[PDB]
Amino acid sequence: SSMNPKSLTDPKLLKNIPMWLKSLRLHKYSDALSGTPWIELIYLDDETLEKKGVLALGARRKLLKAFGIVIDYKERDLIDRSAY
């Protein structure tokens, strides 16, 4: 539901990672992840995500899935300019 491209690429959320994470119910990783801007965040890997403090594999899997959706929309030039 919040795991859809329309929701994941909302500029308001992309520009406020704690809130982006909250929508995915992943806000416990906000301290670990919020210092990285979205455009860098979506390209982190499983190994890096764990180094940063995403200790639950299920969480890293959900993160990587959401990231790849954003990437596809970024590649297709389908994220609003106001997110940049």
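All residue numbers are counted from 1 along the displayed sequence.
Relative to its counterpart among 75-83 and 1-9, 1-9 has the higher mean temperature factor, C-alpha atoms as listed in the PDB entry. Per the PDB record, residue ranking by Cα B-factor puts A66 in the highest third of the chain. When the modelled residues of the chain are ordered by C-alpha B-factor, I42 sits in the lowest third.
Ranked by C-alpha B-factor against the other modelled residues of its chain, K28 falls in the lowest third.
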